[PDB]
């Protein structure tokens, strides 16, 4: 084995750079190193609240990314356009790191490595795809079994259970993968109190956070997805007012331009998988926020080349 090795059993910046190059060249991280990243990140994530609360000082910035879906070569492109993660270049990845794309192992181990390296400045939120039922169908379980073992997949599944469900910046911007709720009156403290170390329920707040979508018309509708609901601008307005928030950032839907701003400014969608599944032809985006100005600034980007592996190859 001539690949990346941890230093004294821990992730370092040189390890991360080595890992990204190793993965770019389509090589596999040693199972023992992969194992170590997973057990260590499980410990880090298990200490976090279900609602991560982050302060951004006046001069501080953060980058919010949406779905990446195993598009490892596009993930590297994000880091090239926007710089590597660091204490002065923080990131939030808003779920759906795996499935669909066929470099999910590479995406997720890279993200977990950066979580270990910069735990206070690199944030991962759970998506609907960081769950067993979805992984079984949409490629990740198959990919892990092909590259490693069923045992390794079990460990991934356990780590995903500890991913936080939402993040609030400066008490003003709430970020979650899916969206708001099937019932009125859900509070930030309700989110904090969700016992999240589980596969999501078929209904209720944990489900909604991972699964819901905005709709343009007032009210709520039964979701076309078969789970959770669609929520109108009245739902968002009420939730924001009750919780003293300005707006929400969510992901979970492909958008041709990589982003959308719905509900009169109140519900932003960011999607970070360009040319999704090598078919959709969409742009992707990420968002910059600054402590001095929490209004979203969108940065669009397009797909870059990847190796000759089809989406869903491992499903």
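Residue numbers count along the first chain shown, from 1.
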Per the entry, higher mean C-alpha B factor between 249-257 and 34-42: 34-42
Residue range whose averaged C-alpha B-factor is higher in the record, 212-220 or 80-88: 80-88
Top Cα B factor in the deposited entry, candidates 183, 234, 99, 202: 202
Candidate residues 123, 172, 196, 225, the one whose C-alpha B factor the record puts highest: 225
Ranked C-alpha temperature factor of residue 110 among modelled chain residues, by third: lowest
Among modelled residues of the same chain, the CA temperature factor third for residue 49: middle
Record-listed C-alpha B factor of residue 266: chain third: lowest
Residue 132 - Cα temperature factor, lowest/middle/highest third of chain: highest
Chain third (lowest, middle, highest) by recorded CA B-factor, residue given as residue 289: highest
